[PDB]
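When reading the values below, keep in mind they use all heavy atoms of this one structure, side chains included, and skip hydrogens, waters and symmetry mates. So that the names make sense, note that chain A is the first sequence line, chain B the second, and so on, each numbered from 1.
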Number of protein chains: 2
Amino acid sequence: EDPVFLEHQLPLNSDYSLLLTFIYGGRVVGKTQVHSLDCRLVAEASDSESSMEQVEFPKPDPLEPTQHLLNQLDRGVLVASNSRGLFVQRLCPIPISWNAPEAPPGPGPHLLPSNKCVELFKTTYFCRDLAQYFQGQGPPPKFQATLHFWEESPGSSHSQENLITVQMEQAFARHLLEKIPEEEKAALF
Amino acid sequence: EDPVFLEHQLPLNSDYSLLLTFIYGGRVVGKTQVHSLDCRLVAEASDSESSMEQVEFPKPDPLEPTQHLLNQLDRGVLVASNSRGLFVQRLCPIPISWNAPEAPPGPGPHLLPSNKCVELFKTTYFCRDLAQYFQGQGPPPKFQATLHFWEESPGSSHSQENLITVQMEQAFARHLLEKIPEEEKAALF
């Protein structure tokens, strides 16, 4: 009974959809679930080739300073969320620093290279680590990736501002790690 | 924009579900759509490990001779229907001969080896051939696979009987090749 009859690490009904949270200067300005496998984060949706879903950054309510930085996105940021995990590719001139499970060690800024793909989260490692965790033999695996967009302001007191931040995760990972907390919640009531 | 952002040969909404047709001695005794990725063709569903969907052969109406042959299926036949195509593995002592797109050339019987996996249909070849076909530069690709189960009857006039036959195809392939015929049908009325 092999090979192609083998069972997968996760059922076929798995939800690898991308949960996005957009943050302007410390405040959450909105959430978006993306069910397509790939998408492009964009300042505004254009006619474009149309090879991908375009995901528009929210309109910033105080309007600026964030709108000045949204206007530098140009082609923006590619994101892929699939059975393998989460991938991103910076297309914009803006520096993007990232924190995610696959990040290298150190404090220093992990910066997304221009025009190059980066795997932020691996479903195979998360799944292996989650199983050891629930067997009490490990720490809980991480699953959230965060992109931090930066802008220079020479002459202000904060010479670099993280004006915009994007948190990303796959739906299935959050679901599995909320099952025990959800039971604890129900017991409080 | 690569690699993982690439576009697939077929949309993500693709229906690779397995369409089964069961035939006892020349008559169709039933049809079954299987939406699981793998399944086991069985005489009757048992408690079993439960690692797969079990698909029961129909109860034969005249009852026999076919029931004698269904009772030799033992563990039966594994089938996998996925984005790669159609795969089968004979678990039964019954000889199964097959006709499908990947069959070798010749008339002679193509027999499924015991405890060994056989790819009957490849979505990559079908898709490449279909495109050339619709461009008028090729013949239409085939997509149906047929398994022929056999039983000896020394002393009858047909010393080998093909009592049971199973036709298999993936839903998407039939759909695409019926689109033009469906238009022709509508024009007749």
Side-chain angles (χ1 to χ4, degrees), chain A residues 1-5, chain B residues 9 16 18-26 28-29 31-32 34 38-41 55 57 65-66 68-70 72-174 176-178 181:
Chain A
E1 310 191 15
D2 52 345
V4 191
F5 310 93
Chain B
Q9 60 169 13
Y16 297 111
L18 176 62
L19 308 181
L20 289 178
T21 301
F22 298 91
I23 293 166
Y24 298 169
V28 173
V29 295
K31 291 199 172 74
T32 300
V34 185
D38 297 4
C39 67
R40 201 169 56 156
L41 309 185
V55 179
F57 277 84
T66 52
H68 186 250
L69 189 54
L70 293 165
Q72 300 168 61
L73 277 163
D74 201 354
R75 289 165 73 233
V77 180
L78 307 170
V79 183
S81 187
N82 60 42
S83 66
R84 294 187 52 204
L86 290 166
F87 303 78
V88 64
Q89 182 163 344
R90 172 164 72 91
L91 307 188
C92 50
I94 302 158
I96 301 172
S97 65
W98 61 278
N99 306 86
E102 303 304 300
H110 319 296
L111 290 184
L112 295 173
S114 196
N115 208 29
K116 170 174 177 64
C117 179
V118 177
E119 186 164 12
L120 312 181
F121 169 76
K122 288 184 205 163
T123 62
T124 61
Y125 288 165
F126 173 85
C127 282
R128 177 220 295 175
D129 292 342
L130 191 70
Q132 299 161 343
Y133 167 60
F134 285 132
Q135 292 163 9
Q137 297 263 5
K142 294 194 186 179
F143 61 99
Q144 196 182 51
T146 301
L147 312 181
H148 299 267
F149 297 66
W150 293 93
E151 190 183 51
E152 65 266 25
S153 46
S156 308
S157 58
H158 295 76
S159 65
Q160 287 302 322
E161 305 171 284
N162 172 200
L163 292 174
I164 298 161
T165 297
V166 176
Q167 294 175 336
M168 309 183 316
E169 61 195 28
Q170 295 192 307
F172 84 88
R174 174 168 231 85
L176 295 178
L177 282 167
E178 263 183 14

Task: Those residues that, when tested against A:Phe5, pass ring-ring contact (aromatic ring centres under 6.0 Å, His included) (two or more places apart) - done: none
Open item on the list: I'd like to know whether B:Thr123 forms a side chain to side chain donor-acceptor pair (under 3.5 Å) with B:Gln9, so could you lay out the CA-CA distance, the side-chain angles of the two residues, the decisive distance to 0.1 Å, and finally the verdict.
Closed with: CA-CA 9 Å; B:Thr123 62; B:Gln9 60 169 13; 3.1 Å; yes
Open item on the list: Just to verify, what does B:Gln160 make a side-chain hydrogen bond (donor to acceptor under 3.5 Å, both in side chains) with, not counting sequence neighbours?
Closed with: none
Task: B:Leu20/B:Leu41 under side-chain contact (heavy atoms from CB on, under 4.5 Å): CA gap, chis, key distance, verdict - done: CA-CA 10 Å; B:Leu20 289 178; B:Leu41 309 185; 3.9 Å; yes
- [ ] Report the residues that fulfil side-chain hydrogen bond (donor to acceptor under 3.5 Å, both in side chains) with B:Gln132, sequence neighbours left out, ordered by chain and then residue number.
- [x] none
Open item on the list: Tell me whether B:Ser81 contacts the main-chain N or O of B:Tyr16 through its side chain, where contact means a donor paired with an acceptor under 3.5 Å.
Closed with: yes
Task: Partner residues of B:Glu151 under the salt bridge (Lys or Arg N to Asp or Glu O under 4.0 Å) criterion, sequence neighbours left out - done: none
Task: Trace of the side-chain contact (heavy atoms from CB on, under 4.5 Å) decision for B:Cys117 with A:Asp2 - done: CA-CA 7 Å; B:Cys117 179; A:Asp2 52 345; over 6 Å; no
Open item on the list: Taking the side chain as everything from C-beta on, heavy atoms only, tell me whether B:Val88 gets closer than 4.5 Å to B:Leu78.
Closed with: no
- [ ] Applying side-chain hydrogen bond (donor to acceptor under 3.5 Å, both in side chains), name anything that partners B:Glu102, two or more places apart in sequence or on another chain.
- [x] B:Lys122
Open item on the list: Given 3.5 Å as the limit, does a donor-acceptor pair link the side chain of B:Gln170 with the main chain of B:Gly85, or not?
Closed with: yes
TODO: Kindly compute the distance separating CG (B:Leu86) from CG (B:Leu18), expressed to the nearest 0.5 Å.
DONE: 6.5 Å
- [ ] Scan residues 104-120 of chain B for pairs that pass salt bridge (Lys or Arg N to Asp or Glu O under 4.0 Å), counting only residues two or more places apart or in two chains.
- [x] B:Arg84-B:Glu119
- [ ] Sequence neighbours left out, what pairs pass side chain to side chain donor-acceptor pair (under 3.5 Å) with at least one residue falling in residues 136-147 of chain B?
- [x] B:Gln144-B:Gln167
- [ ] Could you tell me which residues satisfy side-chain hydrogen bond (donor to acceptor under 3.5 Å, both in side chains) with B:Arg40, sequence neighbours excluded, listed by chain and number?
- [x] B:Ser48
Open item on the list: Tell me which one of B:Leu19, B:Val34, B:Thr21, B:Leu120 satisfies side-chain contact (heavy atoms from CB on, under 4.5 Å) with B:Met168.
Closed with: B:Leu120
Task: Between OH on residue B:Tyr24 and OG1 on residue B:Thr165, distance to nearest 0.5 Å - done: 10.5 Å
Open item on the list: Working to the nearest 0.5 angstrom, can you tell me the gap between B:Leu176 CG and B:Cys127 SG?
Closed with: 7.5 Å
TODO: Mark yes or no for whether B:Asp74, through its side chain, and B:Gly76, through its backbone, hold a donor-acceptor pair below 3.5 Å.
DONE: no
Open item on the list: I need the minimum non-hydrogen distance between B:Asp38 and B:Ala80, along with the two atoms involved.
Closed with: OD1-CB, 3.6 Å
Task: B:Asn162 to B:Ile164 - nearest heavy-atom pair and separation - done: ND2-O, 2.9 Å
Task: Residues in salt bridge (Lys or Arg N to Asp or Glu O under 4.0 Å) contact with A:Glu1, at least two apart in sequence or another chain - done: B:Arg75
Open item on the list: Does anything in residues 127-163 of chain B form a ring-ring contact (aromatic ring centres under 6.0 Å, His included)? List the pairs, not counting sequence neighbours.
Closed with: B:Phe57-B:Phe149
Open item on the list: I need the full list of salt bridge (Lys or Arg N to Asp or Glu O under 4.0 Å) pairs touching residues 152-166 of chain B, with sequence neighbours left out, sorted by first then second residue.
Closed with: none
- [ ] Under the side-chain contact (heavy atoms from CB on, under 4.5 Å) rule, what do B:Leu130 and B:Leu177 come out as? Steps first, then yes or no, please.
- [x] CA-CA 9 Å; B:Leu130 191 70; B:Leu177 282 167; 3.5 Å; yes
Open item on the list: Working to the nearest 0.5 angstrom, can you tell me the gap between B:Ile94 CD1 and B:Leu70 CG?
Closed with: 7.5 Å
TODO: Verify side-chain contact (heavy atoms from CB on, under 4.5 Å) between B:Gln89 and B:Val118, making sure each step is shown before the conclusion.
DONE: CA-CA 6 Å; B:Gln89 182 163 344; B:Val118 177; over 6 Å; no
Task: Closest heavy-atom pair and its distance - B:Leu163, B:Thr66 - done: O-CG2, 4.0 Å
Open item on the list: I'd like to check the side chain to side chain contact (heavy atoms under 4.5 Å, CB included) partners of B:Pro104; sequence neighbours left out, ordered by chain and number.
Closed with: B:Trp98, B:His110
